[PDB]
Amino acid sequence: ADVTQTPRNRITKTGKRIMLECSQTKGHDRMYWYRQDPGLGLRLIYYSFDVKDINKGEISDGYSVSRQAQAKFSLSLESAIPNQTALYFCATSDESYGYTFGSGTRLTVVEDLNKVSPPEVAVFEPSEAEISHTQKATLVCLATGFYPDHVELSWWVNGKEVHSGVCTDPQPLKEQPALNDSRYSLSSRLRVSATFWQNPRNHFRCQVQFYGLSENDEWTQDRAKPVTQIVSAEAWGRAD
């Protein structure tokens, strides 16, 4: 169908019951919930062949499901734990393995919400030595001090999102790798011709979408509540 999942992104503390919902319009008998983890592919949690039928997949422990209607298949984390952090995908199938996948639910389970923290973001301007040596100019964005590892980085030149000239690290690194709740950091590059960097009219922005607390989460610290938000940094082209 249009297979749709809610929510698209969620952060939760450990010990909460969390519900993911899959809905379809085509009324296929067969619906499925999978999780995706790096190195493991897509593992089946539960599946259902009709409203009276529920079957365990390979990783059903810690989860329950309900098939409330032909159209709907609900997944619950009964009491969320950190190793349930994953991308979750629902699917439908016709009777000939014609699968339709939902667009995904990115779920992060954290032990302590007090550790949530938005990134600090900085842009580093191209080197004069690079400009003179190559006639190109590489900007570097650095996002640092964020937790959990649940961000999206983009680049914006004169107000439009660019993909050309860009490479972003595929995964952030741990600032303190010996800690289970280390903050993270992430870098990205945008490379342009030197002539384009040398135009003082051009504006370059690195945007980081951070996913954190919502409005209804309690916050007891003096520091800023670390809500879902965007943090950017910018630089203007420069003739010297």
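By rigid core we mean the largest C-alpha set that fits within 1.5 Å across both forms. For every residue, the number given is its place in the sequence shown, counted from 1.
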{"item": "Stretch departing more from the displayed form, 208 to 216 or 49 to 57, Cα RMS in 8 other deposited structures of this protein (core fit)", "value": "49 to 57"}
{"item": "Stretch with the higher entry mean CA B-factor, where the candidates are 59 to 67 and 183 to 191", "value": "59 to 67"}
{"item": "Residue stretch of maximal mean CA temperature factor, 157 to 165 vs 100 to 108", "value": "157 to 165"}
{"item": "Of the residues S132, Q84, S93, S117, the one carrying the largest Cα B-factor as recorded", "value": "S132"}
{"item": "Residue with maximal Cα B-factor (values as given in the PDB entry) among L213, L40, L44, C206", "value": "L40"}
{"item": "Position of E152 among the chain's modelled residues by C-alpha B-factor, lowest, middle or highest third", "value": "middle"}
{"item": "Within-chain third of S127 by Cα B-factor, per the entry", "value": "highest"}
{"item": "Record-listed C-alpha B factor of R10: chain third", "value": "middle"}
{"item": "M31, C-alpha B-factor rank within chain (lowest, middle or highest third)", "value": "lowest"}
{"item": "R223, C-alpha B-factor rank within chain (lowest, middle or highest third)", "value": "middle"}
